[PDB]
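[1] Fold the following and give me the result.
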Amino acid sequence: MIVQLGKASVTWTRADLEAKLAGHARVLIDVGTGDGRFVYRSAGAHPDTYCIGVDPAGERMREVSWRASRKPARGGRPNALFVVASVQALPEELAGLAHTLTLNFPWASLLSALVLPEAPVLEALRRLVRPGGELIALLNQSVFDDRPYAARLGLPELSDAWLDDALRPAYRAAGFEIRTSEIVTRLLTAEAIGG
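    Residues are numbered from 1 along each chain as shown. The structure is reproduced below:
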């Protein structure tokens, strides 16, 4: 697994991670964390939660990961971690860990994967969540569009009918049960199920 520590990227094993997790009651993973500030704040607010931000470009997390690795008097938060990975290849070391997995304002490609939805993406996310844990997505169509031009068809409105035919069954087919779908930007949450 690749961990960002300021400008350095470092390799961790599952045993390294487990050494850090020990003592914490909960785990939060934030996928596509960007500058990672959501993870930094969450680590301060929830000292009992190990908070992990993931993003494909380690340079985005340089600042926050440096800050968070300092001594606590100088701003460090030992329950925060920043990991470099893409959603199509998330580290196996994170499998089955999250009590909460957050996607805050995903870019268009990932947004589409959650609302169409796309099975390989839902399965990749479900892999990170422990049974009974929760996926929470904040969805907004004004995000950066990273899609190929040929794929910029319109996205569906998340009406009750869309939820009924497209989303509920597809999420279930990936191991999730949709719980909440509401306008706050849309909030969509689902519970990791099975067994």
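
[2] how near is residue 72 to residue 63?
    18 Å (CB to CB, to the nearest Å). (Each C-beta comes from the backbone N, C-alpha and C, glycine too.)

[3] now swap in residue 12 and tell me
    20 Å.

[4] related to what we said a few turns ago, who's more crowded, residue 72 and residue 63?
    Neighbours per residue, other CB atoms under 10 Å: of residue 72 and residue 63, the larger number sits with residue 63, 16 against 8.

[5] how about the more buried one, what does it touch?
    6, 35 (CB atoms under 8 Å, 6 or more residues apart in numbering).

[6] What helix or strand is it located in?
    helix 62-68 (DSSP states H and E).

[7] residues in contact with the helix or strand following that helix?
    Where DSSP H and E defines the elements, the next helix or strand beyond helix 62-68 is strand 80-84. For strand 80-84, contacts defined as CB under 8 Å, 6+ apart pick out 1-5, 9, 17, 20, 33, 36, 39-40, 42-43, 50-58, 61, 64-65, 68, 91, 94.

[8] Kindly report the same for stretch 159-173.
    By CB under 8 Å, 6+ apart, stretch 159-173 touches 115-117, 119, 122, 156, 158, 177-178, 181, 190, 193.

[9] can you do 7 Å?
    117, 119, 122, 156, 177-178, 181, 190 (CB atoms under 7 Å, 6 or more residues apart in numbering).

[10] any idea which of those has the most stuff around it?
    Neighbour max across the contacts of stretch 159-173 (other CB under 10 Å) = residue 190, 28 neighbours.

[11] Show the contacting residues for the residue nearest to that residue when sequence neighbours are not counted.
    Leaving aside its chain neighbours, residue 190 sits nearest to residue 176 (4.0 Å; criterion: CB to CB, 6 or more residues apart in numbering). Listed by CB under 7 Å, 6+ apart, the contact set of residue 176 reads 122, 126, 135, 190-193.

[12] which of those sit farthest apart?
    122 and 191 (13.3 Å; CB to CB).

[13] Closest to the centroid, which residue in the chain?
    Taking CA atoms, centre = their mean, the centroid of the chain lies closest to residue 31, which sits 2.5 Å from it.

[14] Could you pull up the residues touching that residue?
    54, 87, 101, 103.
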